Amino acid sequence: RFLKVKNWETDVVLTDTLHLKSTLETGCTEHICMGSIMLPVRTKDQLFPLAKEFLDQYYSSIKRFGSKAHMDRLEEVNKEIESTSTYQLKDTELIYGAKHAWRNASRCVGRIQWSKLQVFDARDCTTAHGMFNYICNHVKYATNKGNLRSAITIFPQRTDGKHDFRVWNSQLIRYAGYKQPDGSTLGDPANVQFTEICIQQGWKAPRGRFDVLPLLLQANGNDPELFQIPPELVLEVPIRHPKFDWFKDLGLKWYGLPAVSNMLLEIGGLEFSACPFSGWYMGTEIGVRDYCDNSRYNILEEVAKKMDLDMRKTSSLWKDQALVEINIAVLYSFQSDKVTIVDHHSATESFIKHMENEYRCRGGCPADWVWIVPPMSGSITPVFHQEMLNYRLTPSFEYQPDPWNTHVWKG
Amino acid sequence: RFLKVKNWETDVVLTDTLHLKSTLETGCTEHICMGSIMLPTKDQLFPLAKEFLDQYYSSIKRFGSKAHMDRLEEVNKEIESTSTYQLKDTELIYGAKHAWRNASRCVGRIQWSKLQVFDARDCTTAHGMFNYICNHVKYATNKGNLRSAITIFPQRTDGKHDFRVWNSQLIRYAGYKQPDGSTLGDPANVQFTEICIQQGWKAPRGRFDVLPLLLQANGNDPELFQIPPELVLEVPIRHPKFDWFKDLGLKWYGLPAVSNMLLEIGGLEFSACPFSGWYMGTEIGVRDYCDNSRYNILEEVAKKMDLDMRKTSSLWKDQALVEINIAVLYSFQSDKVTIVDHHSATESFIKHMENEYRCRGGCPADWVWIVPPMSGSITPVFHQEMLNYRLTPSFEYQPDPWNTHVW
Ligand code: HEM
Ligand code: HEM
Ligand SMILES: Cc1cc(N)nc(C[C@@H]2CNC[C@@H]2OCCCCCc2cc(F)cc(Cl)c2)c1
Ligand SMILES: Cc1cc(N)nc(C[C@@H]2CNC[C@@H]2OCCCCCc2cc(F)cc(Cl)c2)c1
Ligand SMILES: C[C@H](O)[C@H](O)[C@H]1CNc2nc(N)[nH]c(=O)c2N1
Ligand SMILES: C[C@H](O)[C@H](O)[C@H]1CNc2nc(N)[nH]c(=O)c2N1
Ligand SMILES: [Zn+2]
């Protein structure tokens, strides 16, 4: 079958055949679309088909499909599964796997970069201290003094789901949030519950507005342990504005390195429950979401006061006006300090070129429009006008529940 | 089978059951989501009729009554004999209001129950259509204090006697291709403007030429009519701070009036049913003014603002976009033409979703269309999960008439 997508701005029509390789379910049916719902221990039986499917893909990609080396590797994996109940990826398969989970991430606007991903194999890791060390190295390598490089660190796969490696942090670097007795929040409201957990585990919290949280690390199904990332490893940018001299005195800063650590990487049926990855920021993620969401730092009012905008009616568009200035400030600040960042115009434009190339060379590019379109100035970015097909390819990154809800405590 | 939607800014969880009454197909499957695709007999008619009448009699608290059963029989009789049926006025009013209520792409639905319905089922000619449409325009405009209205022309019969308004909106600006290579006026309307010219319209060939109405009755060839200029309320666009803004020569019309959709009530098809409300500001300022395919004026404004257009990262587009939208809102308000901003509309839509979940068990919503084309995440709809599904009565897109019409 063939599915067409149209760009309403350019009239360019594309043809998807890749959706025919999709197997995982979307959440949608013929009667309901769940496109804006945020969220719409294996047995030997199902595993070899997942392995076979993955290895067939890997071997096609290297132009060795049906080779003796392909057949022997199939055979070798087959045996390993019935004997040990699982199997181990070769380094080459792992690298290919992690690259393709990124390539296949339909919510990711930055995928033009997918082939340039530094893979750190951490499958020999055994303890939380071991994990701490791997993560420091990842952070120093990725940061590269502001010339950010994409990377992923891959800890041992799930075995019986009783011995999982997990990073409890949602990102490697994030600020504490503290709910005050008067119901206000100090620091980042998104991180209050995680902060409380750190505190309970024995973290001594400075109680400021931009305290970098400690890593809470679980190895081998064991209870998690606290570690402080060396501060010299955490690159931060103070936020100022090119024209507005009072902007600096808001006291804002942000970290350079966005590093998602709470997702699950699936490759050939195997589950890597600790696979922290990192790239670099698109400015709106900080300027729109982190600073301007009502549930986050919520700084719109203060910025608009200082600009002396007419705040008496929403129709002055004071919020819109302030939002732009904050985002200019974030891009200005990062660029002045030589920390990699991309603006939402440049990123969406690169994404459309990537998407077109993927259609031509791959036969499709699953994309989730709800996530791809930036959270400001949507329709003046070319993605807004681009029709997209969303489907699930493996290898893949998947959401997993927070570990403090599932973890069996040992003490 | 019972489904929850969460608002991630407020943690409010709502439970949707209304979806089980969904009937038509979304485009999506378990394997593929088509959320962002713009367009994804006697036997057939009786179930559709019955489904509607049952919902109508339920709403008036008379389900399974003498009057309910009597009507089901009456309509059944009429279909068996004539192969169609006629709606009572009351049914027609309720049906139209519900087509609006069910419109999953419409942010303005808190208003759904205040809709003036103009029954034009007695209309027979294009001149009559013109009369009805002028009356709708004048009523709806109300000298700038806009009132929602729909005018409903006769229903489809055998399908070769369709009433159609060929225009996409009742009021829209012409678009002309120039020897220059560029486009003068609204590039969205080039094709339609050609059909008007090639039907005989004397085009002023200006930047803001109000198009003639092109009206089709009883499946006949369509005819041209100029809407009395004094009925077309327009707004000159100026900025509260920028003196120079007005010298761009920008204007827009006050009345948004969709005229190319099909109203389906109880299986019956109303192929000519223009309806109108009032604007949310972004529709003019973001889409009409700044779309690359539309009037595309960001470059011009940014220049007058003397912004740094060297690099995308100065956010000069975003700066200019905000000011264009400030100018749109200020102008409409200064000339007292009803308009709503995206903050106020989306805030009203969330209160309306809540009412609909409480009072009806759901509200079908298409997040891709509901979230405004600027400043998405600082409006509350951005953080609101929505379930999209198709309920009847409904408004549906229909092919452009020129492609279909037997000429
Ligand atoms: C190199 C620069 C990158 C940029 C600019 C970028 C951009 C983004 C943005 C803006 C989002 C949505 C975030 C949000 O608004 O909440 C996102 C999502 C995502 N990206 Fe990227 N990305 C980059 C690199 C990567 C890398 C290296 C990976 C993994 C190898 C990755 C995988 C993902 C995944 C799995 C999501 C969905 C996250 C979720 O569901 O929470 N991206 N990307
Ligand atoms: C009262 C003020 C109203 C407001 C502020 C409003 C707002 C909007 C907006 C912003 C859109 C998307 C427009 C676009 O981006 O193209 C829309 C779509 C729509 N609205 Fe409304 N609306 C109003 C009244 C009405 C009325 C009176 C009806 C019908 C009786 C209606 C039915 C529809 C339909 C069917 C769509 C989808 C049109 C399509 O699919 O192209 N609306 N609404
Ligand atoms: C409930 C839920 C499901 C899901 N799949 N993801 C989430 C994550 C939520 C979605 N927005 C805020 C939070 O995202 C933070 C992690 C995603 C950051 C991805 C990202 C990576 C990168 F390298 C650069 C940039 Cl600009 C962004 C939540
Ligand atoms: C191919 C296609 C399908 C479809 N369903 N709608 C369309 C209409 C195109 C899509 N974007 C702009 C254009 O819509 C304009 C007409 C709808 C305006 C609805 C509207 C009514 C109103 F009363 C107030 C406001 Cl702010 C907006 C095209
Ligand atoms: C309910 C809705 O799906 C949700 O708020 C989404 C919308 N789009 C998004 N897009 C991105 N990139 N990140 C997000 O967190 C969200 N949130
Ligand atoms: C490709 C995508 O479906 C298309 O551009 C949509 C996106 N959202 C929209 N939203 C509204 N309100 N109006 C539109 O015309 C569109 N266009
Ligand atoms: Zn869907």
# chains A, B, ... in the order shown; residues from 1 in each chain; ligands from 1
$ residues_near_ligand --ligand "ligand 1" --cutoff "6 Å" --atoms "only C-alpha atoms and all ligand atoms" --output "number ranges by chain"
A: 102, 105, 107-110, 150-151, 277-282, 285, 397
$ write_last_selection --atoms "N, CA, C and O atoms" --output "short mmCIF file (atom, residue, chain, number, x, y, z; two decimals), in the first residue's frame"
data_model
loop_
_atom_site.label_atom_id
_atom_site.label_comp_id
_atom_site.auth_asym_id
_atom_site.auth_seq_id
_atom_site.Cartn_x
_atom_site.Cartn_y
_atom_site.Cartn_z
N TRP A 102 16.98 6.33 17.54
CA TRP A 102 16.93 7.79 17.34
C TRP A 102 16.31 8.11 16.00
O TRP A 102 15.40 8.87 15.90
N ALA A 105 12.65 7.91 16.20
CA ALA A 105 11.90 8.63 17.22
C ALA A 105 11.00 9.73 16.58
O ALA A 105 11.45 10.83 16.22
N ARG A 107 8.82 11.74 17.68
CA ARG A 107 8.64 13.02 18.39
C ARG A 107 9.90 13.92 18.34
O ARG A 107 9.88 15.03 18.90
N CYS A 108 10.94 13.50 17.59
CA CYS A 108 12.23 14.22 17.61
C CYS A 108 12.49 15.03 16.38
O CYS A 108 12.61 14.50 15.28
N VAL A 109 12.61 16.34 16.58
CA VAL A 109 12.79 17.26 15.49
C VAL A 109 14.25 17.29 15.05
O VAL A 109 14.60 17.90 14.04
N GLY A 110 15.13 16.65 15.81
CA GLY A 110 16.56 16.91 15.58
C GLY A 110 17.23 15.76 14.87
O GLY A 110 18.43 15.61 14.93
N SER A 150 26.58 14.72 20.27
CA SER A 150 25.55 13.77 20.69
C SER A 150 26.14 12.46 21.15
O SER A 150 27.07 11.90 20.51
N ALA A 151 25.54 11.91 22.19
CA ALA A 151 26.03 10.64 22.76
C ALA A 151 24.96 9.92 23.56
O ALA A 151 24.00 10.52 24.05
N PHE A 277 20.75 9.52 27.01
CA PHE A 277 21.31 10.15 25.80
C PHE A 277 21.25 11.70 25.88
O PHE A 277 20.51 12.29 26.65
N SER A 278 21.98 12.36 25.01
CA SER A 278 22.06 13.79 25.06
C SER A 278 22.34 14.29 23.67
O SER A 278 22.93 13.55 22.88
N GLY A 279 21.86 15.50 23.36
CA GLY A 279 22.22 16.21 22.11
C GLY A 279 22.56 17.65 22.46
O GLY A 279 23.42 17.91 23.32
N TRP A 280 21.85 18.60 21.85
CA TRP A 280 21.92 19.98 22.27
C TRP A 280 20.55 20.62 22.16
O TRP A 280 19.67 20.09 21.52
N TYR A 281 20.37 21.76 22.81
CA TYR A 281 19.06 22.34 22.89
C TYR A 281 18.61 23.06 21.62
O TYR A 281 19.39 23.72 20.93
N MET A 282 17.31 22.98 21.39
CA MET A 282 16.62 23.97 20.55
C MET A 282 16.16 25.01 21.57
O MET A 282 15.66 24.66 22.66
N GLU A 285 12.84 25.06 23.94
CA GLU A 285 12.67 24.15 25.07
C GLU A 285 12.99 24.83 26.42
O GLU A 285 12.29 24.61 27.44
N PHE A 397 13.00 4.17 21.29
CA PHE A 397 12.95 4.67 22.67
C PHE A 397 11.53 4.67 23.16
O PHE A 397 10.64 5.12 22.44
#
$ residues_around --residues "range 124-138 of chain B" --least-positions-apart "3" --cutoff "9 Å" --atoms "only C-alpha atoms" --output "PyMOL selection string"
chain B and resi 118+120-121+141-143+149-151+153-154+163+165+170+213-218+220+222-225+227-228+231-232+255+257+274-276
$ residues_near_ligand --ligand "ligand 7" --cutoff "9 Å" --atoms "only C-alpha atoms and all ligand atoms" --output "ChimeraX atom specification"
/A:26-30,32-36,390 /B:26-30,32-36,388
$ select_by_dssp --residues "range 158-304 of chain B" --states "helix (DSSP H, G or I)" --output "PyMOL selection string"
chain B and resi 187-199+229-231+245-248+281-290+298-304
$ select_by_dssp --residues "range 199-394 of chain A" --states "strand (DSSP E)" --output "PyMOL selection string"
chain A and resi 215-218+225-227+236-238+253-255+259-260+264-267+270-272+277-278+281-282+341-342
$ closest_residue --among "B:159, B:254, B:175, B:206" --to "ligand 4" --atoms "only C-alpha atoms and all ligand atoms"
B:254
